[PDB]
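What follows is the content of start-v2.tsv, which has TSV, N, CA and C atoms:
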chain	number	residue	atom	x	y	z
A	46	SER	N	20.21	-22.58	113.14
A	46	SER	CA	19.22	-23.53	113.75
A	46	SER	C	18.03	-23.91	112.82
A	47	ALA	N	17.56	-22.98	111.98
A	47	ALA	CA	16.59	-23.33	110.92
A	47	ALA	C	17.23	-24.38	110.00
A	48	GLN	N	16.45	-25.35	109.51
A	48	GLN	CA	16.98	-26.42	108.63
A	48	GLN	C	16.24	-26.43	107.29
A	49	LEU	N	16.89	-26.94	106.24
A	49	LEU	CA	16.26	-27.08	104.91
A	49	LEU	C	15.18	-28.15	105.01
A	50	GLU	N	14.03	-27.88	104.40
A	50	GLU	CA	12.92	-28.80	104.40
A	50	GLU	C	12.08	-28.62	103.12
A	51	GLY	N	11.64	-29.72	102.53
A	51	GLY	CA	10.78	-29.65	101.35
A	51	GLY	C	11.59	-29.42	100.09
A	52	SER	N	10.92	-28.80	99.10
A	52	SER	CA	11.49	-28.56	97.77
A	52	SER	C	11.98	-27.16	97.67
A	53	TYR	N	13.08	-27.02	96.94
A	53	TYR	CA	13.66	-25.75	96.63
A	53	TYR	C	13.88	-25.73	95.16
A	54	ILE	N	14.09	-24.50	94.69
A	54	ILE	CA	14.52	-24.32	93.33
A	54	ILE	C	15.79	-23.53	93.20
A	55	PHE	N	16.60	-23.97	92.22
A	55	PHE	CA	17.71	-23.22	91.70
A	55	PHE	C	17.32	-22.75	90.33
A	56	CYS	N	17.26	-21.42	90.15
A	56	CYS	CA	16.62	-20.84	88.98
A	56	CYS	C	17.60	-19.85	88.32
A	57	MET	N	17.75	-19.97	86.99
A	57	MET	CA	18.64	-19.13	86.19
A	57	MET	C	17.83	-18.37	85.18
A	58	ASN	N	18.23	-17.14	84.91
A	58	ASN	CA	17.65	-16.31	83.86
A	58	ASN	C	18.35	-16.64	82.52
A	59	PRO	N	17.67	-17.40	81.63
A	59	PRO	CA	18.32	-17.85	80.40
A	59	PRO	C	18.51	-16.78	79.32
A	60	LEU	N	17.89	-15.63	79.52
A	60	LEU	CA	18.01	-14.53	78.59
A	60	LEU	C	19.25	-13.67	78.92
A	61	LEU	N	19.85	-13.88	80.08
A	61	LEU	CA	21.10	-13.19	80.45
A	61	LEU	C	22.24	-13.75	79.60
A	62	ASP	N	22.92	-12.86	78.85
A	62	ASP	CA	23.98	-13.27	77.95
A	62	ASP	C	24.91	-14.28	78.57
A	63	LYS	N	25.33	-14.03	79.80
A	63	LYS	CA	26.31	-14.90	80.43
A	63	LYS	C	25.82	-16.26	80.86
A	64	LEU	N	24.51	-16.42	80.95
A	64	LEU	CA	23.94	-17.72	81.27
A	64	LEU	C	23.11	-18.24	80.09
A	65	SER	N	23.31	-17.71	78.89
A	65	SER	CA	22.47	-18.04	77.75
A	65	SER	C	22.85	-19.34	77.03
A	66	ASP	N	24.03	-19.89	77.34
A	66	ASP	CA	24.46	-21.17	76.79
A	66	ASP	C	23.80	-22.35	77.55
A	67	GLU	N	23.00	-23.16	76.88
A	67	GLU	CA	22.30	-24.25	77.54
A	67	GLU	C	23.24	-25.26	78.26
A	68	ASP	N	24.36	-25.60	77.64
A	68	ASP	CA	25.35	-26.51	78.23
A	68	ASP	C	25.91	-26.00	79.56
A	69	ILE	N	26.18	-24.68	79.66
A	69	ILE	CA	26.65	-24.12	80.91
A	69	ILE	C	25.56	-24.21	81.96
A	70	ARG	N	24.32	-23.89	81.57
A	70	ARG	CA	23.23	-24.02	82.51
A	70	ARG	C	23.02	-25.48	82.97
A	71	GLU	N	23.15	-26.43	82.05
A	71	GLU	CA	23.07	-27.86	82.40
A	71	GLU	C	24.23	-28.25	83.32
A	72	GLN	N	25.44	-27.73	83.05
A	72	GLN	CA	26.56	-28.01	83.95
A	72	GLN	C	26.26	-27.51	85.34
A	73	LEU	N	25.71	-26.29	85.42
A	73	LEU	CA	25.34	-25.71	86.74
A	73	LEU	C	24.29	-26.53	87.49
A	74	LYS	N	23.28	-27.02	86.76
A	74	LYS	CA	22.31	-27.89	87.39
A	74	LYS	C	22.98	-29.12	87.99
A	75	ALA	N	23.84	-29.76	87.19
A	75	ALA	CA	24.56	-30.95	87.61
A	75	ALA	C	25.43	-30.62	88.82
A	76	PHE	N	26.05	-29.44	88.81
A	76	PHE	CA	26.92	-29.08	89.92
A	76	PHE	C	26.14	-28.91	91.20
A	77	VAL	N	25.03	-28.18	91.11
A	77	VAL	CA	24.22	-27.93	92.28
A	77	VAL	C	23.65	-29.22	92.90
A	78	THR	N	23.32	-30.23	92.09
A	78	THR	CA	22.81	-31.52	92.59
A	78	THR	C	23.89	-32.52	92.98
A	79	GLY	N	25.16	-32.11	92.94
A	79	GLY	CA	26.27	-33.02	93.28
A	79	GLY	C	26.68	-34.03	92.22
A	80	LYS	N	26.06	-34.00	91.03
A	80	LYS	CA	26.43	-34.94	89.96
A	80	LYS	C	27.82	-34.64	89.37
A	81	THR	N	28.32	-33.42	89.58
A	81	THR	CA	29.68	-33.03	89.17
A	81	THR	C	30.25	-32.05	90.19
A	82	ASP	N	31.58	-31.99	90.30
A	82	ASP	CA	32.21	-30.93	91.12
A	82	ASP	C	33.15	-30.08	90.25
A	83	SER	N	32.87	-30.09	88.94
A	83	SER	CA	33.65	-29.37	87.93
A	83	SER	C	32.74	-28.43	87.13
A	84	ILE	N	33.27	-27.27	86.75
A	84	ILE	CA	32.60	-26.35	85.82
A	84	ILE	C	33.62	-26.09	84.70
A	85	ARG	N	33.34	-26.64	83.52
A	85	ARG	CA	34.24	-26.56	82.37
A	85	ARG	C	33.72	-25.43	81.50
A	86	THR	N	34.51	-24.37	81.40
A	86	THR	CA	34.13	-23.14	80.72
A	86	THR	C	35.26	-22.61	79.82
A	87	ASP	N	34.91	-21.95	78.71
A	87	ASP	CA	35.83	-21.31	77.75
A	87	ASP	C	36.47	-20.07	78.39
A	88	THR	N	35.61	-19.34	79.06
A	88	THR	CA	35.96	-18.15	79.76
A	88	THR	C	35.24	-18.19	81.11
A	89	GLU	N	35.61	-17.26	81.95
A	89	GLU	CA	35.24	-17.30	83.35
A	89	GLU	C	33.73	-17.26	83.53
A	90	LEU	N	33.24	-17.99	84.52
A	90	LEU	CA	31.86	-17.96	84.83
A	90	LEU	C	31.70	-17.15	86.10
A	91	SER	N	30.93	-16.07	86.02
A	91	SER	CA	30.74	-15.24	87.18
A	91	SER	C	29.30	-14.79	87.20
A	92	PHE	N	28.61	-14.97	88.33
A	92	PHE	CA	27.19	-14.62	88.45
A	92	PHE	C	26.78	-14.56	89.90
A	93	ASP	N	25.69	-13.87	90.16
A	93	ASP	CA	25.16	-13.74	91.49
A	93	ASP	C	24.01	-14.72	91.69
A	94	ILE	N	23.85	-15.17	92.92
A	94	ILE	CA	22.69	-15.94	93.34
A	94	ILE	C	21.94	-15.17	94.42
A	95	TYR	N	20.70	-14.82	94.18
A	95	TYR	CA	19.87	-14.16	95.18
A	95	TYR	C	19.16	-15.16	96.09
A	96	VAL	N	18.90	-14.76	97.32
A	96	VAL	CA	18.25	-15.61	98.31
A	96	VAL	C	17.43	-14.71	99.22
A	97	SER	N	16.30	-15.22	99.73
A	97	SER	CA	15.54	-14.41	100.68
A	97	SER	C	16.25	-14.36	102.05
A	98	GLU	N	16.36	-13.15	102.57
A	98	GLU	CA	17.07	-12.89	103.83
A	98	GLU	C	16.39	-13.49	105.07
A	99	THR	N	15.13	-13.92	104.96
A	99	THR	CA	14.45	-14.58	106.03
A	99	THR	C	14.41	-16.10	105.93
A	100	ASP	N	15.06	-16.66	104.91
A	100	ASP	CA	15.17	-18.09	104.80
A	100	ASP	C	16.58	-18.46	105.31
A	101	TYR	N	16.70	-18.58	106.61
A	101	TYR	CA	18.03	-18.67	107.22
A	101	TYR	C	18.77	-19.94	106.83
A	102	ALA	N	18.04	-21.05	106.76
A	102	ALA	CA	18.63	-22.31	106.36
A	102	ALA	C	19.12	-22.22	104.92
A	103	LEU	N	18.34	-21.61	104.04
A	103	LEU	CA	18.74	-21.46	102.63
A	103	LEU	C	19.94	-20.52	102.45
A	104	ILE	N	20.05	-19.49	103.29
A	104	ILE	CA	21.24	-18.64	103.21
A	104	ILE	C	22.47	-19.46	103.60
A	105	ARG	N	22.38	-20.28	104.66
A	105	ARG	CA	23.48	-21.18	105.07
A	105	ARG	C	23.90	-22.08	103.91
A	106	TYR	N	22.90	-22.71	103.29
A	106	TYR	CA	23.09	-23.60	102.11
A	106	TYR	C	23.76	-22.83	100.95
A	107	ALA	N	23.26	-21.63	100.69
A	107	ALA	CA	23.75	-20.80	99.59
A	107	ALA	C	25.22	-20.40	99.81
A	108	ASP	N	25.53	-20.03	101.04
A	108	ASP	CA	26.90	-19.60	101.37
A	108	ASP	C	27.88	-20.78	101.12
A	109	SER	N	27.45	-21.99	101.50
A	109	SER	CA	28.25	-23.20	101.30
A	109	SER	C	28.43	-23.53	99.82
A	110	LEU	N	27.33	-23.42	99.07
A	110	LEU	CA	27.33	-23.64	97.61
A	110	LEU	C	28.28	-22.65	96.95
A	111	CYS	N	28.25	-21.41	97.43
A	111	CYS	CA	29.17	-20.36	96.93
A	111	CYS	C	30.64	-20.77	97.08
A	112	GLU	N	30.98	-21.30	98.26
A	112	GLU	CA	32.30	-21.83	98.48
A	112	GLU	C	32.67	-22.96	97.47
A	113	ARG	N	31.73	-23.87	97.23
A	113	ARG	CA	32.02	-24.96	96.30
A	113	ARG	C	32.15	-24.43	94.86
A	114	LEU	N	31.28	-23.49	94.47
A	114	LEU	CA	31.37	-22.92	93.13
A	114	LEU	C	32.69	-22.18	92.94
A	115	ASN	N	33.12	-21.39	93.94
A	115	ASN	CA	34.38	-20.69	93.78
A	115	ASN	C	35.59	-21.59	93.86
A	116	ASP	N	35.49	-22.67	94.62
A	116	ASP	CA	36.54	-23.69	94.59
A	116	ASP	C	36.70	-24.31	93.19
A	117	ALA	N	35.59	-24.36	92.45
A	117	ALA	CA	35.56	-24.92	91.10
A	117	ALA	C	35.93	-23.87	90.03
A	118	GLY	N	36.30	-22.66	90.46
A	118	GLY	CA	36.89	-21.66	89.58
A	118	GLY	C	35.86	-20.66	89.07
A	119	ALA	N	34.62	-20.78	89.55
A	119	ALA	CA	33.57	-19.81	89.26
A	119	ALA	C	33.83	-18.60	90.19
A	120	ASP	N	33.25	-17.44	89.88
A	120	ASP	CA	33.29	-16.30	90.81
A	120	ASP	C	31.84	-15.92	91.09
A	121	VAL	N	31.28	-16.61	92.05
A	121	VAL	CA	29.88	-16.42	92.41
A	121	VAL	C	29.79	-15.68	93.74
A	122	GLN	N	28.78	-14.81	93.83
A	122	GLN	CA	28.39	-14.12	95.07
A	122	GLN	C	26.95	-14.48	95.41
A	123	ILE	N	26.66	-14.57	96.70
A	123	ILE	CA	25.29	-14.68	97.22
A	123	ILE	C	24.90	-13.25	97.74
A	124	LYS	N	23.69	-12.83	97.35
A	124	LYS	CA	23.11	-11.54	97.75
A	124	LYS	C	21.71	-11.78	98.24
A	125	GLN	N	21.48	-11.41	99.49
A	125	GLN	CA	20.18	-11.59	100.13
A	125	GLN	C	19.37	-10.31	99.98
A	126	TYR	N	18.07	-10.53	99.84
A	126	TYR	CA	17.05	-9.49	99.76
A	126	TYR	C	15.82	-9.95	100.53
A	127	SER	N	14.89	-9.04	100.80
A	127	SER	CA	13.61	-9.53	101.29
A	127	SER	C	12.99	-10.50	100.28
A	128	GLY	N	12.17	-11.44	100.75
A	128	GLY	CA	11.50	-12.32	99.82
A	128	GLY	C	10.60	-11.61	98.84
A	129	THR	N	9.95	-10.53	99.28
A	129	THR	CA	9.12	-9.74	98.39
A	129	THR	C	9.97	-9.11	97.29
A	130	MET	N	11.17	-8.61	97.62
A	130	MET	CA	12.05	-8.09	96.62
A	130	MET	C	12.50	-9.17	95.62
A	131	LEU	N	12.79	-10.37	96.15
A	131	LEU	CA	13.19	-11.48	95.29
A	131	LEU	C	12.05	-11.83	94.32
A	132	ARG	N	10.81	-11.91	94.83
A	132	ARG	CA	9.67	-12.13	93.98
A	132	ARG	C	9.56	-11.14	92.90
A	133	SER	N	9.72	-9.85	93.24
A	133	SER	CA	9.59	-8.80	92.26
A	133	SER	C	10.68	-8.89	91.18
A	134	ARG	N	11.91	-9.14	91.62
A	134	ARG	CA	13.05	-9.26	90.68
A	134	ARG	C	12.89	-10.47	89.77
A	135	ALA	N	12.34	-11.56	90.33
A	135	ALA	CA	12.10	-12.76	89.48
A	135	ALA	C	11.14	-12.46	88.38
A	136	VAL	N	10.07	-11.71	88.69
A	136	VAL	CA	9.06	-11.37	87.71
A	136	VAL	C	9.63	-10.44	86.62
A	137	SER	N	10.41	-9.43	87.05
A	137	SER	CA	10.94	-8.46	86.09
A	137	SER	C	12.15	-9.00	85.30
A	138	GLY	N	12.71	-10.13	85.69
A	138	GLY	CA	13.97	-10.61	85.11
A	138	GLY	C	15.22	-9.86	85.54
A	139	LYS	N	15.13	-9.07	86.62
A	139	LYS	CA	16.29	-8.33	87.11
A	139	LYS	C	17.04	-9.22	88.12
A	140	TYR	N	17.52	-10.35	87.60
A	140	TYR	CA	18.29	-11.29	88.38
A	140	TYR	C	19.14	-12.12	87.44
A	141	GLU	N	20.12	-12.82	87.99
A	141	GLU	CA	20.96	-13.75	87.23
A	141	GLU	C	20.54	-15.14	87.62
A	142	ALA	N	20.69	-15.48	88.90
A	142	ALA	CA	20.21	-16.77	89.45
A	142	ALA	C	19.63	-16.54	90.84
A	143	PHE	N	18.77	-17.44	91.29
A	143	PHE	CA	18.32	-17.41	92.66
A	143	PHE	C	18.08	-18.79	93.20
A	144	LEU	N	18.04	-18.86	94.53
A	144	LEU	CA	17.60	-20.05	95.26
A	144	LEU	C	16.38	-19.69	96.07
A	145	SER	N	15.38	-20.56	96.12
A	145	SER	CA	14.24	-20.29	96.99
A	145	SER	C	13.52	-21.56	97.34
A	146	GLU	N	12.74	-21.48	98.43
A	146	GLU	CA	11.68	-22.44	98.66
A	146	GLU	C	10.85	-22.49	97.38
A	147	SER	N	10.39	-23.66	97.01
A	147	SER	CA	9.78	-23.86	95.69
A	147	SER	C	8.54	-22.96	95.48
A	148	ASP	N	7.83	-22.65	96.58
A	148	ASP	CA	6.59	-21.86	96.52
A	148	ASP	C	6.77	-20.37	96.78
A	149	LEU	N	7.99	-19.88	96.80
A	149	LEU	CA	8.17	-18.47	97.08
A	149	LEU	C	7.73	-17.59	95.88
A	150	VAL	N	8.23	-17.91	94.69
A	150	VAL	CA	8.13	-17.06	93.49
A	150	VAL	C	6.96	-17.44	92.62
A	151	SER	N	6.42	-16.42	91.94
A	151	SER	CA	5.34	-16.53	91.00
A	151	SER	C	5.54	-17.66	90.01
A	152	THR	N	4.54	-18.50	89.82
A	152	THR	CA	4.62	-19.59	88.85
A	152	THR	C	4.85	-19.03	87.43
A	153	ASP	N	4.24	-17.87	87.12
A	153	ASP	CA	4.48	-17.16	85.85
A	153	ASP	C	5.95	-16.79	85.67
A	154	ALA	N	6.60	-16.27	86.72
A	154	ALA	CA	7.99	-15.95	86.65
A	154	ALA	C	8.83	-17.21	86.37
A	155	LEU	N	8.48	-18.33	87.00
A	155	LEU	CA	9.28	-19.58	86.79
A	155	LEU	C	9.17	-20.12	85.38
A	156	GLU	N	8.03	-19.92	84.74
A	156	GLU	CA	7.84	-20.38	83.36
A	156	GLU	C	8.73	-19.63	82.36
A	157	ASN	N	9.21	-18.45	82.72
A	157	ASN	CA	10.12	-17.70	81.85
A	157	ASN	C	11.61	-18.08	82.02
A	158	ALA	N	11.86	-18.90	83.01
A	158	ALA	CA	13.20	-19.17	83.53
A	158	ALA	C	13.65	-20.59	83.22
A	159	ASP	N	14.86	-20.92	83.66
A	159	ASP	CA	15.43	-22.26	83.53
A	159	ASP	C	15.79	-22.71	84.93
A	160	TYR	N	15.03	-23.68	85.46
A	160	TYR	CA	15.27	-24.08	86.84
A	160	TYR	C	15.27	-25.58	87.07
A	161	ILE	N	15.77	-25.95	88.26
A	161	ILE	CA	15.79	-27.31	88.74
A	161	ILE	C	15.24	-27.36	90.17
A	162	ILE	N	14.45	-28.39	90.45
A	162	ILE	CA	13.93	-28.67	91.79
A	162	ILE	C	14.96	-29.49	92.54
A	163	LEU	N	15.26	-29.01	93.74
A	163	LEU	CA	16.23	-29.60	94.65
A	163	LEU	C	15.45	-30.08	95.86
A	164	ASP	N	15.82	-31.25	96.36
A	164	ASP	CA	15.22	-31.82	97.56
A	164	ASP	C	16.13	-31.57	98.77
A	165	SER	N	15.52	-31.20	99.89
A	165	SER	CA	16.23	-30.86	101.08
A	165	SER	C	17.16	-31.96	101.57
A	166	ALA	N	16.74	-33.21	101.39
A	166	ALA	CA	17.51	-34.33	101.87
A	166	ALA	C	18.77	-34.58	101.05
A	167	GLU	N	18.86	-34.06	99.82
A	167	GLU	CA	20.03	-34.25	98.98
A	167	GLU	C	20.91	-33.00	98.99
A	168	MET	N	20.41	-31.93	99.62
A	168	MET	CA	21.13	-30.68	99.79
A	168	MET	C	21.90	-30.76	101.11
Please express what this file holds, its structure, as structure tokens.
Amino acid sequence: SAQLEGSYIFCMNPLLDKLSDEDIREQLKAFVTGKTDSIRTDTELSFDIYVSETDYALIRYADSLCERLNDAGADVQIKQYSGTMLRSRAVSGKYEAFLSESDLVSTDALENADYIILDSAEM
């Protein structure tokens, strides 16, 4: 019953070996925004996406995105945590990717990362 509203971010940790290739990260951005439904990779792409467990609309969105990513041959999992835990993990870099309301995570944490702003109406 909760619905997506406002700005969200899809955020990747670029220092993670498996997401360290800029082209793969750009492909993922394009995929998440609907500009492509393909992920072209040399070897398998597998990563987790974290989401806050109290953002019910975003968990719904994330679960659906997971289905589309795995249909495209990725092996992605969604893992929910408290938002405070997600904030902490974003700051420490103990994450691969996450989705959040744009204002959830520390602006300092986002400056270390590679992210894209998503609009609710296009999600």
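Interatomic distance, atom N of residue 71 in chain A to CA of residue 50 in chain A: 24.7 Å.
Across A:111, A:77, A:96, A:49, the tightest approach to residue 145 in chain A is made by A:96 when counting all atoms listed in the file.
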Neighbours of residue 75 in chain A within 12 Å (only C-alpha atoms; same-chain residues fewer than 5 positions away dropped), as a CSV table (one decimal) with N, CA and C atoms, in the coordinates of the input?
chain,number,residue,atom,x,y,z
A,55,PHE,N,16.6,-24.0,92.2
A,55,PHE,CA,17.7,-23.2,91.7
A,55,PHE,C,17.3,-22.8,90.3
A,68,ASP,N,24.4,-25.6,77.6
A,68,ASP,CA,25.4,-26.5,78.2
A,68,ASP,C,25.9,-26.0,79.6
A,69,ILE,N,26.2,-24.7,79.7
A,69,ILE,CA,26.6,-24.1,80.9
A,69,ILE,C,25.6,-24.2,82.0
A,70,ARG,N,24.3,-23.9,81.6
A,70,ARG,CA,23.2,-24.0,82.5
A,70,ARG,C,23.0,-25.5,83.0
A,80,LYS,N,26.1,-34.0,91.0
A,80,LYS,CA,26.4,-34.9,90.0
A,80,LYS,C,27.8,-34.6,89.4
A,81,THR,N,28.3,-33.4,89.6
A,81,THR,CA,29.7,-33.0,89.2
A,81,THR,C,30.2,-32.0,90.2
A,82,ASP,N,31.6,-32.0,90.3
A,82,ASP,CA,32.2,-30.9,91.1
A,82,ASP,C,33.2,-30.1,90.2
A,83,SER,N,32.9,-30.1,88.9
A,83,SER,CA,33.6,-29.4,87.9
A,83,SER,C,32.7,-28.4,87.1
A,84,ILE,N,33.3,-27.3,86.8
A,84,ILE,CA,32.6,-26.4,85.8
A,84,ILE,C,33.6,-26.1,84.7
A,85,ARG,N,33.3,-26.6,83.5
A,85,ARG,CA,34.2,-26.6,82.4
A,85,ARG,C,33.7,-25.4,81.5
A,114,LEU,N,31.3,-23.5,94.5
A,114,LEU,CA,31.4,-22.9,93.1
A,114,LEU,C,32.7,-22.2,92.9
A,160,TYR,N,15.0,-23.7,85.5
A,160,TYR,CA,15.3,-24.1,86.8
A,160,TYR,C,15.3,-25.6,87.1
A,161,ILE,N,15.8,-26.0,88.3
A,161,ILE,CA,15.8,-27.3,88.7
A,161,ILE,C,15.2,-27.4,90.2
A,162,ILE,N,14.4,-28.4,90.4
A,162,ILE,CA,13.9,-28.7,91.8
A,162,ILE,C,15.0,-29.5,92.5
A,163,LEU,N,15.3,-29.0,93.7
A,163,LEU,CA,16.2,-29.6,94.6
A,163,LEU,C,15.4,-30.1,95.9
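The interatomic distance for the pair CA of residue 134 in chain A and CA of residue 150 in chain A works out to 9.6 Å.
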For this session: Within 12 Å of residue 62 in chain A, counting only C-alpha atoms, which residues show up once you throw out same-chain ones fewer than 3 positions away? Write them as a count of residues only, please.
Result: 12
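Distance check against residue 128 in chain A using all atoms listed in the file: of A:159, A:98, A:148, A:112, the minimum falls on A:98.
The residue that comes closest to residue 123 in chain A, out of A:107, A:135, A:47, A:166 and on the basis of only C-alpha atoms, is A:107.
Taking only C-alpha atoms into account, residue 104 in chain A lies nearest to A:125 out of the set A:88, A:157, A:125, A:152.
Atom N of residue 99 in chain A lies 20.2 Å from CA of residue 138 in chain A.
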